[PDB]
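Below you'll find the structure, written out as structure tokens, and then a few comments.
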Amino acid sequence: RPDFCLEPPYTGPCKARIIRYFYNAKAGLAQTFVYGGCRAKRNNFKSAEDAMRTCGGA
């Protein structure tokens with residue numbers, strides 16, 4: 001899987017509260033995080049299926 005799948009979730013410097021999904025490689029599951037609204041990194045998806053299709057397995 002892509003090396004960005006191993007990156008921690010990045011809230012970023014903006015102050016919105018956008019609920020997003022990140023792949024948590026330690027758990028092997030897509031989990032939600034609060035995205036600030038600007039300067040999104042790659043481990044930042046709008047849906048669990050996208051997260052999982054991109055970075056999982058089982």
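Chain labels follow the order of the structure tokens: the first chain is A, the next B, and so on; residue numbering restarts at 1 in every chain, and ligands are counted from 1 in their shown order.
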Worksheet item: Skipping near chain neighbours, those fewer than 4 positions away, what residues fall within 9 Å of residue A:2 using only C-alpha atoms, listed as a count of residues only?
Response: 3
Practice prompt. Can you pull out every residue within 6 Å of residue A:22, counting only C-alpha atoms, but drop anything in the same chain fewer than 2 positions away, and send it as a list in words?
Written response: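 Close residues of residue A:22: residues 30, 31, 43 and 44 of chain A.
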Worksheet item: Which neighbours of stretch 7-17 of chain A fall inside 9 Å, counting only C-alpha atoms, when residues of the same chain fewer than 4 positions from it are skipped, and could you give them as a list in words?
Response: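 Close residues of stretch 7-17 of chain A: residues 3, 21, 22, 23, 24, 25, 33, 34, 35, 36, 37, 38, 39, 40, 41, 42, 43 and 44 of chain A.
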Emit the selected residues as a PDB file, in the first residue's frame, including C-alpha atoms.
ATOM      1  CA  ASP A   3       3.369   5.166   1.838  1.00  0.00           C
ATOM      2  CA  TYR A  21     -11.784   9.643   7.174  1.00  0.00           C
ATOM      3  CA  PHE A  22      -8.133   8.604   7.454  1.00  0.00           C
ATOM      4  CA  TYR A  23      -6.701   4.994   7.132  1.00  0.00           C
ATOM      5  CA  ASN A  24      -5.276   4.165  10.557  1.00  0.00           C
ATOM      6  CA  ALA A  25      -2.487   1.667   9.604  1.00  0.00           C
ATOM      7  CA  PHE A  33     -10.828  12.804  12.181  1.00  0.00           C
ATOM      8  CA  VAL A  34     -11.500  16.586  12.282  1.00  0.00           C
ATOM      9  CA  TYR A  35     -10.038  18.297   9.184  1.00  0.00           C
ATOM     10  CA  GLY A  36      -9.479  22.074   9.586  1.00  0.00           C
ATOM     11  CA  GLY A  37     -10.523  22.929   5.953  1.00  0.00           C
ATOM     12  CA  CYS A  38      -7.234  23.757   4.182  1.00  0.00           C
ATOM     13  CA  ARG A  39      -4.032  21.973   3.170  1.00  0.00           C
ATOM     14  CA  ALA A  40      -5.292  18.456   3.238  1.00  0.00           C
ATOM     15  CA  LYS A  41      -2.646  15.714   3.016  1.00  0.00           C
ATOM     16  CA  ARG A  42      -3.302  12.470   1.092  1.00  0.00           C
ATOM     17  CA  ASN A  43      -4.549  10.279   4.007  1.00  0.00           C
ATOM     18  CA  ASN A  44      -7.768  12.319   3.965  1.00  0.00           C
TER      19      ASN A  44
END
Worksheet item: What residues in chain A get the DSSP label alpha helix (DSSP H)? Please answer as a list in words.
Response: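 The residues of chain A classed as alpha helix (DSSP H) are residues 48, 49, 50, 51, 52, 53, 54 and 55 of chain A.
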Worksheet entry | Atomic distance atom CA of residue A:52 - atom CA of residue A:29, expressed in Å with one decimal |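 Value for the atom CA of residue A:52-atom CA of residue A:29 distance: 7.3 Å.
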